C-alpha cells in the first residue's frame, strides 16, 4: 500500500486481468500478489497471460 508496491504492479493488474477468458479466481491471488510486491508483479502478469489461456478453449 505504501512500501509494498511501486511501478510494474499497476501494469501487472491489467495483465492479471489480461483477457475475458479469465477474470475470476486467478486474479484473486494475483491481484493480491501485485499489492504484495511489484518486483514479483511481473510474475502475476507473466502468468496472467498463461492463466487466461490456461482456461481459454476458444481461439
**OP:** Specify the angular offset, from 0 to 90 degrees and rounded to the nearest 10, of the alpha carbon long axis of helix 26-36 from the longest principal axis of the alpha carbons in the chain.
**Re:** 20
Original post:
Taking only Cα atoms, what is the 0 to 90° angle, nearest 10, from helix 41-54's long axis to the longest principal axis of the chain?
Top reply: 10
Original post:
Hey, what did the chain get for relative contact order, percent, Cα under 8 Å, at least 6 apart?
Top reply: 45
Original post:
Using 7 Å Cα-to-Cβ label points, what is the residue 6/residue 31 separation (nm, one decimal)?
Top reply: 2.5
Subject >> Two-decimal Rg/Rh across the chain, once Rg and the Kirkwood Rh are taken from alpha-carbon atoms >> reply: 1.01
Original post:
Can you give the extra length, in nm with one decimal, that the chain gains between residue 46 and residue 59 once fully stretched, where that is 0.36 nm per residue apart less the Cα-Cα distance?
Top reply: 2.7 nm
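Please note: Cβ atoms are built from the backbone with ideal geometry, for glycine as well, and neighbour counts cover all protein chains shown. Read-outs throughout are calculated quantities, based only on the coordinates presented, and are distinct from any laboratory measurement.
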